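The chain that follows stands alone, in the form deposited in one PDB entry, written as structure tokens.
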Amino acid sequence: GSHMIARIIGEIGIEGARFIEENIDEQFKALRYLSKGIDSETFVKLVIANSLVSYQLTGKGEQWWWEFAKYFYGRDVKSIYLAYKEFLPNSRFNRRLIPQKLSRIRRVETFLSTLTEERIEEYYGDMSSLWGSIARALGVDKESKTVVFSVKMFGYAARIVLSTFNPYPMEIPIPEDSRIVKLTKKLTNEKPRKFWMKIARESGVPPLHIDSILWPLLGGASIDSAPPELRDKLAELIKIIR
């Protein structure tokens, strides 16, 4: 792992990650916008469906999640599969692997249909069971990138809908992808998957909350709105990993 990184991430803490999530994270902003233009249950269903097709994008993540939010705001959505069948081929930022992606939506449509208000609250109180349930519906490994971040974005949606905050489970790990490998190789020769899981365990900050911290800081987003005590912590983290 990294004692240097884990100590500063521990100082930032779940509440520092939460500040970034609710103030800087553009995915959270797009979700908060969408939640104002569609009913709560459809909102959460769409966010999970979107997460499951958000890979190998023809654009950057922030652009795509705003495109998704702007597309469904005020839209009358019945079948989520049918909605995506029309949305994806006309989108700007998600035009690759549409046949594969539509088939994943079709296969998870029955699980999404169980997401009443009460079911969404139950899963938000036990995101590990939601993690396993989504993977089982798809027939994939729950540690796969899309399933892990379907849980993260569900957590964004659920905290908006329910006006409560439950931290992500510690046992949901960041999987390896292109940008986590590119960054981690500069920091260490350790295996990226093991590196970041040990950092989460040592710091006390679940991996999905660490993810919220890393990318805005690396991408150069302003941290000036953070309170000075948290700002100085994020500043030191930047000097360590950027």
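The first residue of the sequence shown is number 1, and the count goes up from there. Here the rigid core means the biggest group of C-alpha atoms that line up within 1.5 Å when the two forms are laid on top of each other.
There is another form of this protein, the form deposited in another entry, and it is not shown here; the text below is about that form.
- Message: Out of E26, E202, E67, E176, I need the residue that shifts by 2 angstroms or more at the Cα between the shown form and the other one, core superposed.
- Response: With the rigid core fitted, the residue that moves is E176.
- Message: So, superposing on the core, is the move of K36 at the CA at least 2 angstroms between the shown form and the other one?
- Response: Moves: no, less than 2 Å.
- Message: Aligning on the core only, does the CA of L217 end up 2 angstroms or more away between the shown form and the other one?
- Response: After core superposition, the displacement of the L217 C-alpha between the shown form and the other one reaches the 2 Å mark, so yes.
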